[PDB]
Every structure is written in C-alpha cells, then in structure tokens.
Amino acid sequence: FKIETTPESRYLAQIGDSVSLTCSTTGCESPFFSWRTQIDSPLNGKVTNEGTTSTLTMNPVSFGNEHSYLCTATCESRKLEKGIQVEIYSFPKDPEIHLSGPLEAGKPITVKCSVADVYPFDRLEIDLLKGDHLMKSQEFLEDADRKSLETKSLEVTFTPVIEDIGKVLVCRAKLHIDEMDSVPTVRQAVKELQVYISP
C-alpha cells in the first residue's frame, strides 16, 4: 500500500486557471480518498474519486486555494497521507508600452510601461531598456496591505537622437516567486524604434 501525488510536493498555480491535484495508491484493492487543508477550511475545489485515484480540481484557482492540501488514503484500516503545497500568483499578460507621441529627434518623449493583474506585486521588478542598456528599473517593495490583483507601471522621459533609429525599446517585467519552471519569471514587450527628423 503506497501513496503517490502529482505534483510531488508543490504547485505554482495561476489565479484564474484550471488546475488539478491527484492522489493515487498502489497495493490497495479499494482505497478511499479524503482531502483537507491544514486549517480545515473549505477546499474551494471539486473532488472526484475513481478507481485507485482521487482528483482535486480548482476551477478557477482563486486566493481561496493558497493552502497546504493533504490527501489521506485509507486502505482497510490503514491510513497513509501526503501533502501538496499550493502557491498562488498572477502574471497573465505581457507589459504594455505607451508613448506620448512619435519619436522626434531633439524633442522629449514620455514612455509608460504598465503590467496588469499582478500578484504578488511586492515581488515585481520593471526594467525599461533602449538597445541593450537599462534606462530605468522600478521595484515595488512597499508591502501589500492585502490580496488582490494590481496594475503597476514605470514612467521615463528621455530625448531621442538620430542614432536611436533601429534600436529596440524593451519593457521587461520580472516576478520574483520561487520558480516552478514551466511558469516564467519574465514577460516583455518590444517596440522597434522609428525616429523622425524635424525639418
């Protein structure tokens, strides 16, 4: 009688997505499965028991799924248990680059880069680069008062020059959560620079 879960011990789950946790056994003819969180609150998920497996589906993942979920498998009078820690975040869209007007050599241009629906925002770092050089970087260490999706942004004003033609402006958003590589730390927007001369 052995208990097995997928994932092994942790799932980085994105708010709004449809995610499933599975608990299984080998060596048991008719196991019964039971799920609970460490604080015995609702699961905010649907449990389906079939054969030698139990699936806990969270659809959609919400803030109510940030728990250590525990599966208990009962085989006759024996019980084995294994826990899966569910960690949540939101990073659904690439950054958006807003420009105050066309780039004109010698005239100021204001660039605004925003990333929508982020969580946890206190872990976001926004980089603005021109070519391969960083113009401005913004962190948001101001600790979150609660749990919600937030839109954050970085703004910079610079004066374009003729040699900026062909350079690419890149707005890079990095979310610092322990990585479960399949879920990226980075998202970026690129815009090739067309510079206009003024007659």
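A residue's number is simply how far along the shown sequence it sits, counting from 1.
- Higher mean CA temperature factor, per the PDB entry, when comparing 57-65 with 148-156: 148-156.
- Of the two segments, 165-173 and 29-37, the one listed with the higher mean B-factor is 165-173 (C-alpha atoms only).
- Residue-level inspection of the entry shows that, of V19, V183, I15, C23, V183 has the top Cα B-factor.
- The entry assigns its greatest Cα B factor, within the set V47, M135, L70, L141, to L141.
- Ranked by C-alpha B-factor against the other modelled residues of its chain, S77 falls in the highest third.
- Sort the chain's modelled residues by C-alpha temperature factor and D127 lands in the middle third, per the entry.
- In the PDB entry, a CA B factor belonging to the highest third of its chain's modelled residues is recorded for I197.
- Among the modelled residues of the chain, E96 sits in the middle third by CA temperature factor in this PDB entry.
- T110: CA B factor lies in the lowest third for its chain, per the PDB record.
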